[PDB]
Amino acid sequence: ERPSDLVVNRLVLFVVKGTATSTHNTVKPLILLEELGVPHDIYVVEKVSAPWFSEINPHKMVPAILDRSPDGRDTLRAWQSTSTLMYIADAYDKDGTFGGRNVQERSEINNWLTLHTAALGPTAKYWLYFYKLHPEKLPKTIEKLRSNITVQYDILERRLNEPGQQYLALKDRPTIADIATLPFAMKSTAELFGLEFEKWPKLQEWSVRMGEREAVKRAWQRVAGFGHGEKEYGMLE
């Protein structure tokens, strides 16, 4: 059974209480919702281990989405931050401003999106797990993952050194590839990994360029504050 306050009248983004370590994935779909001006609700999940939430995301993590299908026949779900980006782009990015407008654009967007989804994302997640969650400390495993993060930063730096390549996928504008990468490729996260982010200057410039976008600023502010308003858990008003 779902909580009484969980109703799907529009896109519902599932998050947890905003902390330094709880927002780097939930901010991704929120950035795109803010960029496109998509009507949405915020549901603050008290416990991702709750059976009702496992029915939405079998992987028992945020972010997740419930939304009405375009024809209203189905309640659609998206889970895994990358999948939430793909869903919002599919349902709401009519012009392919962030999703890509042609086969050529989408070929590069999916390259750099999938690089994050398969490489930096999981490497960073395993680094964080072994660094402070695993019951035993495994420094050789932690060091190899931190080494792999620097290899990923090197690739992103190489791309952003290519002539006129202002964003990861497309030269001209940010895409879901850029939104997916940003939280794991900015100064604060680099410092968490014990890295000097200045050693990737084009990647740092890119992170500042992304960070100056009003939609990104709004997303970071809101994700920090979720659960710290008048309501702690459930559907925010």
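Note that residue numbering follows the sequence shown and begins at 1.
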Exercise for review: Can you let me know which of the two, 77-85 or 140-148, has the higher average C-alpha B-factor in the entry?
Suggested key: 140-148
Exercise for review: Can you let me know which of the two, 46-54 or 26-34, has the higher average C-alpha B-factor in the entry?
Suggested key: 46-54
Review point. By the record's CA B-factor, is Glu205 among the lowest, middle or highest third of residues in the chain?
Key: middle
Check your understanding: Compared with the other modelled residues in the chain, in which third is the CA B-factor of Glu212?
Key -> highest
Point to revise | For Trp112, the third of its chain into which the C-alpha B factor falls | key: lowest
Check your understanding: Which third of the chain holds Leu195 when residues are ordered by C-alpha B factor: lowest, middle or highest?
Key -> highest
Exercise for review: Ordered by C-alpha B-factor within the chain, which third holds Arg106? Give me lowest, middle or highest, please.
Suggested key: lowest
